[PDB]
file entry.cif (mmCIF, C-alpha atoms and all ligand atoms)
data_target
#
loop_
_atom_site.label_atom_id
_atom_site.label_comp_id
_atom_site.auth_asym_id
_atom_site.auth_seq_id
_atom_site.Cartn_x
_atom_site.Cartn_y
_atom_site.Cartn_z
CA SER A 2 92.18 28.21 -70.96
CA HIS A 3 89.16 26.01 -71.32
CA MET A 4 85.92 26.13 -69.53
CA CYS A 5 86.72 22.47 -67.82
CA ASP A 6 89.45 24.40 -66.07
CA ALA A 7 87.26 25.03 -63.04
CA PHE A 8 87.01 21.22 -62.44
CA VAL A 9 90.70 20.54 -62.52
CA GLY A 10 92.37 19.78 -59.21
CA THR A 11 92.21 17.53 -56.17
CA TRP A 12 88.90 17.42 -54.32
CA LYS A 13 87.92 15.75 -51.03
CA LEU A 14 84.41 14.51 -50.10
CA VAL A 15 82.83 16.59 -47.39
CA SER A 16 79.16 15.50 -47.38
CA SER A 17 76.88 12.89 -48.80
CA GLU A 18 73.13 12.47 -48.86
CA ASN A 19 71.05 9.50 -49.98
CA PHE A 20 74.01 7.57 -51.32
CA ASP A 21 72.98 4.23 -49.76
CA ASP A 22 69.58 4.57 -51.44
CA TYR A 23 71.23 5.45 -54.78
CA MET A 24 73.50 2.42 -54.50
CA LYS A 25 70.46 0.19 -53.69
CA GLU A 26 68.70 1.49 -56.78
CA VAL A 27 71.74 0.72 -58.90
CA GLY A 28 71.87 -2.85 -57.54
CA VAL A 29 74.84 -2.71 -55.15
CA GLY A 30 74.74 -5.46 -52.54
CA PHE A 31 74.73 -4.98 -48.77
CA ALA A 32 78.41 -5.46 -47.93
CA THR A 33 79.65 -3.28 -50.74
CA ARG A 34 77.13 -0.55 -49.82
CA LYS A 35 78.30 -0.51 -46.25
CA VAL A 36 82.00 -0.29 -47.05
CA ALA A 37 81.60 2.04 -49.97
CA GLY A 38 79.30 4.29 -48.01
CA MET A 39 82.03 4.73 -45.42
CA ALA A 40 84.61 5.89 -47.97
CA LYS A 41 85.76 9.48 -48.07
CA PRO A 42 87.24 9.64 -51.55
CA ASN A 43 89.46 12.16 -53.14
CA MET A 44 88.49 13.00 -56.70
CA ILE A 45 91.44 14.10 -58.90
CA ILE A 46 90.51 15.75 -62.22
CA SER A 47 93.04 16.62 -64.88
CA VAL A 48 93.01 17.57 -68.54
CA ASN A 49 95.65 17.01 -71.22
CA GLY A 50 94.56 18.21 -74.61
CA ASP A 51 91.15 16.72 -75.34
CA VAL A 52 91.55 13.94 -72.76
CA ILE A 53 89.95 14.36 -69.34
CA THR A 54 91.01 12.03 -66.50
CA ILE A 55 88.93 11.55 -63.36
CA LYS A 56 90.48 9.47 -60.56
CA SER A 57 88.65 8.43 -57.35
CA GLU A 58 90.86 7.31 -54.52
CA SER A 59 89.64 5.88 -51.25
CA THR A 60 90.25 3.13 -48.82
CA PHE A 61 87.54 1.13 -50.67
CA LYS A 62 88.81 1.34 -54.21
CA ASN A 63 90.99 3.40 -56.51
CA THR A 64 89.35 4.01 -59.92
CA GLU A 65 90.35 6.02 -62.97
CA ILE A 66 88.62 6.95 -66.19
CA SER A 67 90.01 8.85 -69.15
CA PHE A 68 87.77 10.06 -71.95
CA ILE A 69 87.02 12.56 -74.68
CA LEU A 70 83.78 14.48 -74.42
CA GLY A 71 81.02 12.88 -76.48
CA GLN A 72 82.95 9.69 -77.18
CA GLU A 73 81.59 6.48 -75.60
CA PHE A 74 83.92 4.25 -73.59
CA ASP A 75 83.70 1.08 -71.62
CA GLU A 76 83.94 1.57 -67.84
CA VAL A 77 84.17 -0.93 -64.94
CA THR A 78 82.58 0.89 -62.02
CA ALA A 79 83.74 0.68 -58.42
CA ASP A 80 80.86 -1.74 -57.71
CA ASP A 81 81.96 -3.93 -60.68
CA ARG A 82 79.30 -3.02 -63.22
CA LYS A 83 80.48 -3.20 -66.82
CA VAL A 84 78.94 -0.16 -68.31
CA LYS A 85 79.06 1.92 -71.47
CA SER A 86 79.65 5.55 -70.60
CA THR A 87 79.44 8.84 -72.39
CA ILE A 88 80.41 12.14 -70.77
CA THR A 89 79.45 15.51 -72.25
CA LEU A 90 79.54 19.15 -71.14
CA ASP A 91 76.05 20.68 -71.03
CA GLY A 92 75.92 24.24 -70.05
CA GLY A 93 79.03 23.98 -67.92
CA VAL A 94 77.92 20.67 -66.19
CA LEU A 95 79.78 17.42 -66.84
CA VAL A 96 77.01 14.89 -67.60
CA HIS A 97 78.07 11.22 -67.33
CA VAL A 98 75.59 8.60 -68.53
CA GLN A 99 76.23 4.89 -67.79
CA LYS A 100 74.30 2.20 -69.64
CA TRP A 101 74.22 -1.52 -68.70
CA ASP A 102 71.75 -4.38 -68.76
CA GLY A 103 69.00 -2.14 -70.14
CA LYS A 104 69.44 0.32 -67.28
CA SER A 105 70.83 3.83 -67.10
CA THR A 106 72.18 6.15 -64.45
CA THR A 107 73.36 9.74 -64.79
CA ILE A 108 76.08 11.46 -62.75
CA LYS A 109 76.35 15.25 -63.00
CA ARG A 110 79.39 17.16 -61.76
CA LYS A 111 79.17 20.92 -61.38
CA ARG A 112 81.05 23.76 -59.80
CA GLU A 113 78.98 25.70 -57.23
CA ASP A 114 80.81 28.36 -55.22
CA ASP A 115 84.03 26.73 -54.01
CA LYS A 116 82.51 23.24 -54.18
CA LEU A 117 82.27 20.50 -56.73
CA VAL A 118 78.79 18.97 -56.42
CA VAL A 119 78.13 15.48 -57.71
CA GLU A 120 74.49 14.47 -58.31
CA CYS A 121 73.81 10.80 -59.01
CA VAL A 122 70.40 9.76 -60.29
CA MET A 123 68.96 6.26 -60.77
CA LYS A 124 65.25 6.18 -61.59
CA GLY A 125 63.62 8.39 -59.00
CA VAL A 126 66.50 8.38 -56.52
CA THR A 127 69.04 11.23 -56.31
CA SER A 128 72.17 11.35 -54.18
CA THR A 129 74.14 14.53 -53.71
CA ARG A 130 77.87 14.38 -52.83
CA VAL A 131 79.73 17.60 -52.09
CA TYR A 132 83.48 17.95 -52.55
CA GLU A 133 85.85 20.80 -51.45
CA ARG A 134 89.38 21.51 -52.64
CA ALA A 135 91.89 19.35 -50.88
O1 LIG B 201 81.23 10.72 -55.15
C1 LIG B 201 81.09 10.09 -56.16
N1 LIG B 201 82.12 9.82 -57.03
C2 LIG B 201 81.77 8.70 -57.93
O2 LIG B 201 82.64 8.23 -58.81
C3 LIG B 201 80.31 8.13 -57.65
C4 LIG B 201 80.47 6.77 -57.03
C5 LIG B 201 79.85 5.57 -57.30
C6 LIG B 201 80.12 4.31 -56.56
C7 LIG B 201 81.32 4.10 -55.86
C8 LIG B 201 81.52 2.92 -55.17
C9 LIG B 201 80.53 1.92 -55.11
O3 LIG B 201 80.70 0.70 -54.45
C10 LIG B 201 79.29 2.12 -55.77
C11 LIG B 201 79.10 3.29 -56.50
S1 LIG B 201 78.62 5.39 -58.51
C12 LIG B 201 78.28 7.13 -58.63
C13 LIG B 201 79.44 8.06 -58.92
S2 LIG B 201 79.54 9.27 -56.44
#
call {"tool": "encode", "arguments": {"input": "entry.cif", "output": "structure tokens"}}
result
Amino acid sequence: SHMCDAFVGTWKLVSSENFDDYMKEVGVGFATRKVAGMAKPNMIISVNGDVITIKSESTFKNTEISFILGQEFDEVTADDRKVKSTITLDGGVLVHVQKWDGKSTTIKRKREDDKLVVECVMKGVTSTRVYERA
């Protein structure tokens, strides 16, 4: 009974494009890129009241964030950046901005057909990651 309803569930990665290049742009080192690029995460999204939780589970790392839309939080990313994050809903798209060391990257999550599409942008580099229901 909220529009973020269509994100809720357990999702499995089914394709990735340009993710190594995105990770290079973000500053991820060689060994982490190689192992992280191999991961096939499940993304688990849940909502309880105003609090959204997004978990990523893979053989590389298990991560979890919980947040309220529009309210900044500190996040330690899977690649160990300490970032300040804000996630908003913009026309039905979850828009996640991470700020650190004068840099910024944006991760958009959207429902498209039966998929959850994740678009990650750092400067001119975009990666697209497609998830299906698990
Ligand atoms: O599919 C996705 N789900 C996520 O949470 C993303 C993963 C990231 C990442 C993970 C591990 C790593 O070593 C370096 C970056 S940053 C972009 C957002 S893409």
call {"tool": "residues_near_point", "arguments": {"input": "entry.cif", "point": "(91.8, 20.5, -74.1)", "cutoff": "9 Å", "atoms": "all atoms listed in the file", "output": "PyMOL selection string"}}
result
chain A and resi 2-3+5+48-53
call {"tool": "closest_residue", "arguments": {"input": "entry.cif", "among": "A:40, A:105, A:64, A:30", "to": "residue 16 (chain A)", "atoms": "only C-alpha atoms"}}
result
A:40
call {"tool": "residues_near_point", "arguments": {"input": "entry.cif", "point": "(86.4, 14.7, -56.4)", "cutoff": "9 Å", "atoms": "all atoms listed in the file", "output": "mmCIF file with C-alpha atoms, in the coordinates of the input"}}
result
data_model
loop_
_atom_site.group_PDB
_atom_site.id
_atom_site.type_symbol
_atom_site.label_atom_id
_atom_site.label_comp_id
_atom_site.auth_asym_id
_atom_site.auth_seq_id
_atom_site.Cartn_x
_atom_site.Cartn_y
_atom_site.Cartn_z
ATOM 1 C CA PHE A 8 87.010 21.220 -62.440
ATOM 2 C CA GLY A 10 92.370 19.780 -59.210
ATOM 3 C CA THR A 11 92.210 17.530 -56.170
ATOM 4 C CA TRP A 12 88.900 17.420 -54.320
ATOM 5 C CA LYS A 13 87.920 15.750 -51.030
ATOM 6 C CA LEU A 14 84.410 14.510 -50.100
ATOM 7 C CA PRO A 42 87.240 9.640 -51.550
ATOM 8 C CA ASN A 43 89.460 12.160 -53.140
ATOM 9 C CA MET A 44 88.490 13.000 -56.700
ATOM 10 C CA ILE A 45 91.440 14.100 -58.900
ATOM 11 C CA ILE A 46 90.510 15.750 -62.220
ATOM 12 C CA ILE A 55 88.930 11.550 -63.360
ATOM 13 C CA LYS A 56 90.480 9.470 -60.560
ATOM 14 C CA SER A 57 88.650 8.430 -57.350
ATOM 15 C CA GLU A 58 90.860 7.310 -54.520
ATOM 16 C CA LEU A 117 82.270 20.500 -56.730
ATOM 17 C CA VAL A 118 78.790 18.970 -56.420
ATOM 18 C CA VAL A 119 78.130 15.480 -57.710
ATOM 19 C CA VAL A 131 79.730 17.600 -52.090
ATOM 20 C CA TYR A 132 83.480 17.950 -52.550
ATOM 21 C CA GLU A 133 85.850 20.800 -51.450
ATOM 22 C CA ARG A 134 89.380 21.510 -52.640
#
call {"tool": "closest_atom_pairs", "arguments": {"input": "entry.cif", "of": "chain A", "to": "ligand LIG 201 (chain B)", "cutoff": "6 Å", "atoms": "only C-alpha atoms and all ligand atoms", "output": "CSV"}}
result
residue,atom,partner,partner_atom,distance
A:24,CA,B:LIG201,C10,5.9
A:33,CA,B:LIG201,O3,5.5
A:34,CA,B:LIG201,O3,6.0
A:37,CA,B:LIG201,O3,4.8
A:79,CA,B:LIG201,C8,4.5
A:80,CA,B:LIG201,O3,4.1
A:121,CA,B:LIG201,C12,5.8
A:130,CA,B:LIG201,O1,5.5
call {"tool": "residues_around", "arguments": {"input": "entry.cif", "residues": "residue 27 (chain A)", "least_positions_apart": "2", "cutoff": "10 Å", "atoms": "only C-alpha atoms", "output": "PyMOL selection string"}}
result
chain A and resi 21-25+29-30+80+82+104-106+122-124+126
call {"tool": "write_last_selection", "arguments": {"input": "entry.cif", "atoms": "C-alpha atoms", "output": "PDB file, in the coordinates of the input"}}
result
ATOM      1  CA  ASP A  21      72.980   4.230 -49.760  1.00  0.00           C
ATOM      2  CA  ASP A  22      69.580   4.570 -51.440  1.00  0.00           C
ATOM      3  CA  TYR A  23      71.230   5.450 -54.780  1.00  0.00           C
ATOM      4  CA  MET A  24      73.500   2.420 -54.500  1.00  0.00           C
ATOM      5  CA  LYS A  25      70.460   0.190 -53.690  1.00  0.00           C
ATOM      6  CA  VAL A  29      74.840  -2.710 -55.150  1.00  0.00           C
ATOM      7  CA  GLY A  30      74.740  -5.460 -52.540  1.00  0.00           C
ATOM      8  CA  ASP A  80      80.860  -1.740 -57.710  1.00  0.00           C
ATOM      9  CA  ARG A  82      79.300  -3.020 -63.220  1.00  0.00           C
ATOM     10  CA  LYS A 104      69.440   0.320 -67.280  1.00  0.00           C
ATOM     11  CA  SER A 105      70.830   3.830 -67.100  1.00  0.00           C
ATOM     12  CA  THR A 106      72.180   6.150 -64.450  1.00  0.00           C
ATOM     13  CA  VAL A 122      70.400   9.760 -60.290  1.00  0.00           C
ATOM     14  CA  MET A 123      68.960   6.260 -60.770  1.00  0.00           C
ATOM     15  CA  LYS A 124      65.250   6.180 -61.590  1.00  0.00           C
ATOM     16  CA  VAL A 126      66.500   8.380 -56.520  1.00  0.00           C
TER      17      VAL A 126
END
call {"tool": "atom_distance", "arguments": {"input": "entry.cif", "atom1": "CA of residue 85 (chain A)", "atom2": "CA of residue 100 (chain A)"}}
result
5.1 Å
call {"tool": "atom_distance", "arguments": {"input": "entry.cif", "atom1": "CA of residue 72 (chain A)", "atom2": "CA of residue 86 (chain A)"}}
result
8.4 Å
call {"tool": "closest_residue", "arguments": {"input": "entry.cif", "among": "A:71, A:28, A:38, A:125", "to": "residue 96 (chain A)", "atoms": "all atoms listed in the file"}}
result
A:71
call {"tool": "closest_residue", "arguments": {"input": "entry.cif", "among": "A:87, A:54, A:128, A:107", "to": "residue 17 (chain A)", "atoms": "only C-alpha atoms"}}
result
A:128
call {"tool": "closest_residue", "arguments": {"input": "entry.cif", "among": "A:74, A:120, A:111, A:81", "to": "residue 99 (chain A)", "atoms": "all atoms listed in the file"}}
result
A:74
call {"tool": "closest_residue", "arguments": {"input": "entry.cif", "among": "A:108, A:36, A:59, A:41", "to": "residue 90 (chain A)", "atoms": "only C-alpha atoms"}}
result
A:108
